[PDB]
Amino acid sequence: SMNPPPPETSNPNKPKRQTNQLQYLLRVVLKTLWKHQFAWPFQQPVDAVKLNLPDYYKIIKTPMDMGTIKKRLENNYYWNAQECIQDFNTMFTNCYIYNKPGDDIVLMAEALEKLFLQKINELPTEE
Ligand SMILES: CCc1c(C(=O)N(C)Cc2cccc(C(N)=O)c2)[nH]c(C)c1C(C)=O
Ligand code: NA
(Lines give C-alpha, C1' and ligand atoms only; values in the text may rest on other atoms or scores of the structure.)
(Ligands and ions follow the chains in the order given, each with its own letter.)
Protein backbone atom coordinates (compact mmCIF):
# COMPACT_ATOMS: atom_id res chain seq x y z
CA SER A 1 0.00 0.00 0.00
CA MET A 2 1.21 3.52 -0.75
CA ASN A 3 0.29 7.06 0.03
CA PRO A 4 0.36 9.72 -2.69
CA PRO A 5 2.90 12.50 -2.51
CA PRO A 6 1.55 15.29 -0.22
CA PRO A 7 0.05 18.43 -1.63
CA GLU A 8 2.46 21.06 -2.92
CA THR A 9 3.89 23.44 -0.28
CA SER A 10 6.86 24.96 -2.19
CA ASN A 11 6.89 26.32 -5.76
CA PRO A 12 9.36 29.07 -6.61
CA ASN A 13 7.41 29.93 -9.79
CA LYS A 14 4.17 30.71 -7.91
CA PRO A 15 4.00 34.44 -7.11
CA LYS A 16 3.53 35.18 -3.42
CA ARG A 17 1.99 37.93 -1.38
CA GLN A 18 1.94 38.62 2.38
CA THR A 19 -1.41 40.18 3.34
CA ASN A 20 -3.04 41.11 6.65
CA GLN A 21 -5.77 38.52 5.94
CA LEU A 22 -3.20 35.75 5.37
CA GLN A 23 -1.36 36.80 8.58
CA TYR A 24 -4.74 36.57 10.34
CA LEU A 25 -5.31 33.05 9.00
CA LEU A 26 -1.93 31.96 10.40
CA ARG A 27 -1.86 33.97 13.61
CA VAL A 28 -5.48 33.51 14.67
CA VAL A 29 -7.33 30.86 12.62
CA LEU A 30 -4.74 28.10 12.17
CA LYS A 31 -3.18 28.58 15.62
CA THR A 32 -6.58 28.38 17.32
CA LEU A 33 -7.71 25.28 15.39
CA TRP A 34 -4.31 23.57 15.83
CA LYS A 35 -4.51 23.62 19.64
CA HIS A 36 -8.12 22.29 19.64
CA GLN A 37 -8.58 18.87 21.34
CA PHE A 38 -9.95 17.44 18.05
CA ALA A 39 -7.18 18.87 15.81
CA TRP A 40 -4.86 15.83 15.95
CA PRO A 41 -6.53 13.74 13.19
CA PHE A 42 -6.16 16.76 10.87
CA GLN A 43 -2.60 17.92 11.60
CA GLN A 44 -0.99 15.79 8.88
CA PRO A 45 -1.99 14.14 5.59
CA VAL A 46 -4.15 11.09 6.00
CA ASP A 47 -1.80 8.10 6.18
CA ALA A 48 -4.00 5.54 4.50
CA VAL A 49 -1.28 2.89 4.75
CA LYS A 50 -0.96 3.23 8.54
CA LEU A 51 -4.73 3.48 8.98
CA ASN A 52 -5.46 0.55 6.66
CA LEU A 53 -7.76 2.61 4.41
CA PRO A 54 -6.68 1.34 1.00
CA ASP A 55 -9.69 2.98 -0.72
CA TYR A 56 -9.11 6.45 0.78
CA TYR A 57 -7.13 7.85 -2.16
CA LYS A 58 -9.54 6.08 -4.54
CA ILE A 59 -12.31 8.32 -3.13
CA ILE A 60 -10.37 11.48 -2.13
CA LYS A 61 -8.55 13.02 -5.08
CA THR A 62 -7.81 16.46 -3.56
CA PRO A 63 -6.39 15.61 -0.14
CA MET A 64 -5.82 18.41 2.33
CA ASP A 65 -4.95 18.75 5.98
CA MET A 66 -3.86 21.40 8.52
CA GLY A 67 -0.20 20.33 8.43
CA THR A 68 -0.12 21.22 4.75
CA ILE A 69 -2.05 24.45 5.41
CA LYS A 70 0.37 25.36 8.25
CA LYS A 71 3.33 24.89 5.87
CA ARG A 72 1.64 26.91 3.11
CA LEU A 73 1.03 29.74 5.57
CA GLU A 74 4.40 29.57 7.36
CA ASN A 75 6.41 29.51 4.15
CA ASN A 76 4.15 32.00 2.35
CA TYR A 77 2.73 29.77 -0.43
CA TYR A 78 -0.44 31.78 -1.05
CA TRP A 79 -1.45 34.87 -3.03
CA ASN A 80 -4.78 35.45 -1.23
CA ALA A 81 -6.87 34.41 1.77
CA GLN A 82 -9.47 32.67 -0.41
CA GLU A 83 -6.87 30.07 -1.50
CA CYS A 84 -6.29 29.18 2.15
CA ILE A 85 -9.99 29.21 3.02
CA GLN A 86 -10.56 26.81 0.12
CA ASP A 87 -7.91 24.42 1.54
CA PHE A 88 -9.73 24.32 4.91
CA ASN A 89 -13.02 23.74 3.12
CA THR A 90 -11.50 20.89 1.10
CA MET A 91 -10.18 19.21 4.27
CA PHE A 92 -13.62 19.34 5.89
CA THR A 93 -15.51 18.21 2.75
CA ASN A 94 -13.12 15.27 2.19
CA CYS A 95 -13.89 14.08 5.71
CA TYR A 96 -17.67 14.35 5.17
CA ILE A 97 -17.44 12.63 1.77
CA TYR A 98 -15.25 9.72 2.92
CA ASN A 99 -16.75 8.97 6.34
CA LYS A 100 -20.29 8.16 7.54
CA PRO A 101 -22.38 10.93 9.18
CA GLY A 102 -21.91 10.67 12.95
CA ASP A 103 -18.56 8.85 12.68
CA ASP A 104 -16.32 10.23 15.45
CA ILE A 105 -14.00 11.76 12.83
CA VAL A 106 -17.00 13.64 11.36
CA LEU A 107 -18.07 15.02 14.75
CA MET A 108 -14.48 16.24 15.18
CA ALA A 109 -14.44 17.86 11.74
CA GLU A 110 -17.78 19.57 12.41
CA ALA A 111 -16.45 21.01 15.69
CA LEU A 112 -13.40 22.43 13.93
CA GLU A 113 -15.48 23.74 11.03
CA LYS A 114 -17.80 25.58 13.43
CA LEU A 115 -14.79 27.22 15.06
CA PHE A 116 -13.27 27.91 11.60
CA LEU A 117 -16.39 29.73 10.37
CA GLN A 118 -16.61 31.78 13.58
CA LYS A 119 -13.02 32.96 13.04
CA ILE A 120 -13.59 33.66 9.34
CA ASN A 121 -16.41 36.04 10.36
CA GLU A 122 -13.69 38.21 11.95
CA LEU A 123 -11.41 38.10 8.89
CA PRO A 124 -10.07 41.66 8.78
CA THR A 125 -10.73 43.99 5.87
CA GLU A 126 -7.89 44.04 3.34
CA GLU A 127 -5.45 46.80 4.22
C1 LIG B 1 -10.53 8.09 10.64
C2 LIG B 1 -9.18 8.24 9.95
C3 LIG B 1 -8.91 9.71 9.70
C4 LIG B 1 -7.99 10.58 10.47
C5 LIG B 1 -7.12 10.09 11.61
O6 LIG B 1 -7.57 9.39 12.49
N7 LIG B 1 -5.81 10.45 11.60
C8 LIG B 1 -5.12 10.93 10.40
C9 LIG B 1 -4.96 10.39 12.79
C10 LIG B 1 -3.97 9.25 12.66
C11 LIG B 1 -4.34 7.93 12.95
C12 LIG B 1 -3.41 6.91 12.79
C13 LIG B 1 -2.12 7.19 12.35
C14 LIG B 1 -1.75 8.51 12.07
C15 LIG B 1 -0.36 8.84 11.56
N16 LIG B 1 -0.21 9.98 10.74
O17 LIG B 1 0.62 8.14 11.83
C18 LIG B 1 -2.69 9.52 12.22
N19 LIG B 1 -8.02 11.84 9.98
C20 LIG B 1 -8.89 11.92 8.95
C21 LIG B 1 -9.16 13.17 8.15
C22 LIG B 1 -9.46 10.58 8.76
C23 LIG B 1 -10.43 10.30 7.69
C24 LIG B 1 -10.47 8.90 7.14
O25 LIG B 1 -11.13 11.22 7.27
NA1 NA C 1 -20.28 9.65 3.35
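Both counts, for ligands and for their atoms, begin at 1 and track the order of listing. Numbers for residues simply follow the sequence, beginning at 1. Below, all heavy atoms of this structure are taken into account, side chains as well, without hydrogens, waters or symmetry copies.
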Under 3.5 Å, is there a donor on one side chain and an acceptor on the other for [X] and [Y]?
X: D65; Y: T68; value: yes
X: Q86; Y: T90; value: yes
X: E110; Y: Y96; value: no
X: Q21; Y: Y78; value: no
X: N3; Y: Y56; value: no

Could you tell me which atoms of ligand 1, counted from 1 in the order shown, lie closer than 4.0 angstrom to a heavy atom of [X]?
X: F42; answer: 21 (C)
X: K50; answer: 15 (C), 17 (O)
X: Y98; answer: 24 (C)
X: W40; answer: 9 (C)
X: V46; answer: 20 (C), 21 (C)

Item checked: Per-residue contact class, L53 against ligand 1 - non-hydrogen pairs under 4.0 Å -> side chain

Check: Under 4.0 Å from ligand 1, counting heavy atoms only, is it the side chain of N99, its backbone, both or neither?
Finding: side chain

Margin query: Out of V106, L51, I59, who is nearest to atom 11 (C) of ligand 1 when you count heavy atoms only?
Written below: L51

Next item on the list: Return a yes/no value for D47: is any of its N or O atoms, backbone included, closer than 3.5 angstrom to an N or O of ligand 1?
Entry: no

Checklist line | Heteroatom N/O/S of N99 within less than 3.0 Å of the Na ion (ligand 2) | finding: yes

Notebook entry, point to check: Within the structure, does at least one protein heavy atom fall under 4.0 Å of atom 14 (C) of ligand 1?
Noted result: no

How close does the nearest protein non-hydrogen atom get to [atom], and which residue and atom is it?
atom: atom 8 (C) of ligand 1; answer: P41 O, 3.3 Å
atom: atom 18 (C) of ligand 1; answer: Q44 NE2, 4.2 Å
atom: atom 22 (C) of ligand 1; answer: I105 CG1, 3.8 Å

Check: Does atom NZ of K61 have more than 12 heavy-atom neighbours, drawn from other residues, nucleotides or ligands, at distances under 6.0 Å?
Finding: yes

Next item on the list: Could you tell me whether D104 atom CG has more than 12 heavy atoms of other residues or ligands within 6.0 Å of it?
Entry: no

Checklist line | Under the salt bridge (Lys or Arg N to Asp or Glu O under 4.0 Å) test, residues paired with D47 that sit two or more places apart | finding: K50

Next item on the list: Could you go through the side chain to side chain contact (heavy atoms under 4.5 Å, CB included) check for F116 and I85 one step at a time?
Entry: CA-CA 9 Å; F116 171 73; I85 290 165; 4.1 Å; yes

